[PDB]
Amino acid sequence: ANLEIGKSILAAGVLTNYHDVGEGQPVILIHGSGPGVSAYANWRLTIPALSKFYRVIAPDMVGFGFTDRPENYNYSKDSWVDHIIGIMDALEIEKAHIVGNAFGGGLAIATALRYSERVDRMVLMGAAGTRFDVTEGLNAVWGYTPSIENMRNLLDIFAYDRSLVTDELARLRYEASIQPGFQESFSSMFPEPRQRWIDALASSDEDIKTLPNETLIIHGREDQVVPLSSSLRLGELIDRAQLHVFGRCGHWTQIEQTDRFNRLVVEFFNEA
């Protein structure tokens, strides 16, 4: 809410809220797509680890954080990728590493396919970008409805160690879900039948086998939203890829496994 709000810049036509920390090689973080989500809520623990050696760019995708929600915006993969390229052009960033969490991972893969010249290394965490049967969990996430109780439960789905889902955490995230116009745009994106959306965010197997990017796929064994089976698949499709699965870990690999995650990612990028 407070620190979830960073800088403002006109990207690809929309006023975008984002974070720009660190200097050097650019690294873009794309948050997932849950109610109340934001660049900062998804990456406040990761950013510090990377800004010690990189310039971390963590924006709020069109209609998600505190980024404007255009009066008649048509949300789609292409739109979101146009937004990502918008932000990169506004900041005059030619090539950058991309870290995508689920919804963000799908976008990352989509972006690496359509704008190869702007993407270097990729980090896909419980990423989207490949078809998989909608899970009860994902359905819960996209089907969210404002309510401290619904949020808490929702958060339970993401974590493996429910112990991390504290009342305070539940309240705070809930508050964000009911920010001015947040639920509005959110409940308008992945309505009732959902398999469609996952398929719309995915990239064909053929295409993906094209990706020449050095890639790190991270997934929690017990991920309840995005099935492990989905990353194992990307581990097959992508050529220059590494696959790392955490045990006793939910979807938010970067939270439940902050240390291991930041260590793997930072080292992964240091290779370049």
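Position 1 is the first residue in the sequence shown; the rest follow in order.
Enquirer: Mean CA temperature factor from the deposited coordinates, higher in 209 to 217 or in 35 to 43?
Expert: That would be 35 to 43.
Enquirer: Which has higher Cα B-factors on average according to the PDB entry: 192 to 200 or 83 to 91?
Expert: Higher of the two, by average CA B-factor, is 192 to 200.
Enquirer: Quick check on the deposited entry: does the C-alpha B-factor of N101 sit in the lowest, middle or highest third of its chain?
Expert: Lowest third, going by the recorded CA B-factors of the chain.
Enquirer: Would you check the entry's CA temperature factor for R131 and let me know if it's in the chain's lowest, middle or highest third?
Expert: It belongs to the highest third of the chain when residues are ordered by C-alpha B-factor.
Enquirer: Comparing against every modelled residue in the chain, figure out the third that the C-alpha B-factor of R69 lands in (lowest, middle or highest).
Expert: As the PDB entry reports it, the C-alpha B-factor of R69 lands in the highest third of its chain.
Enquirer: Using the temperature factors of the C-alpha atoms in this entry, rank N270 within its chain: lowest, middle or highest third.
Expert: As the PDB entry reports it, the C-alpha B-factor of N270 lands in the lowest third of its chain.
Enquirer: Please rank the C-alpha B-factors of the chain's modelled residues and tell me whether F158 sits in the lowest, middle or highest third.
Expert: It falls in the middle third of the chain.
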